[PDB]
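A quick write-up on the structure given underneath.
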There are 2 protein chains.
Amino acid sequence: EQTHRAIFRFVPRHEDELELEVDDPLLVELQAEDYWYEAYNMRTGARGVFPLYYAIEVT
Amino acid sequence: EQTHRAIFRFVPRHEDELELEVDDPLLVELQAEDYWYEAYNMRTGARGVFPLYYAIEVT
C-alpha cells in the first residue's frame, strides 16, 4: 500500500532516478540511504531513487 | 553576489552534483533545466547541479 507522497516536481537527469509529479503516490519499502529514497511510483509503475526532501509520509 | 541559500541537506549520489549543507550561500547564473539548478557553493567553492526545491531565492 502507499507509504509516501511526492511534494515537488522531479525530472530525472541521472540513469537511476524516479520521475515525480506533485501528489504522485509512492511505495517505499526501505529506509533512506545517504539522503535518497528508493521507490515504486504507483501512478507510472516506474522504480528508482529521489532526494529525501521530495516526499512526505502518508497517514 | 549570492542569489540563493540551501534550506535542506543534499548528499550527492552522482558525479555532476553539488553537495549542500543547510544555510550554504549559492551563486546561480543560469536558467534551471528540468527543475535542476547549476550553482557555485560560496562556502565550499564547489560547482555542480542540485534539485531546484533545495534552495530559496535571496533578494
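Numbered from 1 within each chain, the chains take letters A, B, ... in sequence-line order.
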Applying side-chain contact (heavy atoms from CB on, under 4.5 Å), run through A:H14 and B:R13 and close with a yes or a no.
CA-CA 10 Å; A:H14 312 96; B:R13 144 193 271 255; over 6 Å; no
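Residue B:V22 is not grouped with residue B:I7 when hydrophobic side chains (ILVMFWY) are merged at heavy-atom distances under 4.5 angstrom, including chains of intermediate members. Criterion: ILVMFWY side-chain heavy atoms under 4.5 Å apart, direct or through other members. Under it, B:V28 and B:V58 are part of a common hydrophobic cluster.
B:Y54 and A:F8 have their aromatic ring centers separated by at least 6.0 angstrom.
Near-neighbour residues of residues 32-51 of chain B relative to chain A, defined by a heavy atom under 4.5 Å from a heavy atom of that chain, comprise B:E33, B:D34, B:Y35, B:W36, B:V49, B:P51.
Rounding to the nearest 0.5 Å places CZ of B:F10 at 11.0 Å from CG of A:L52.
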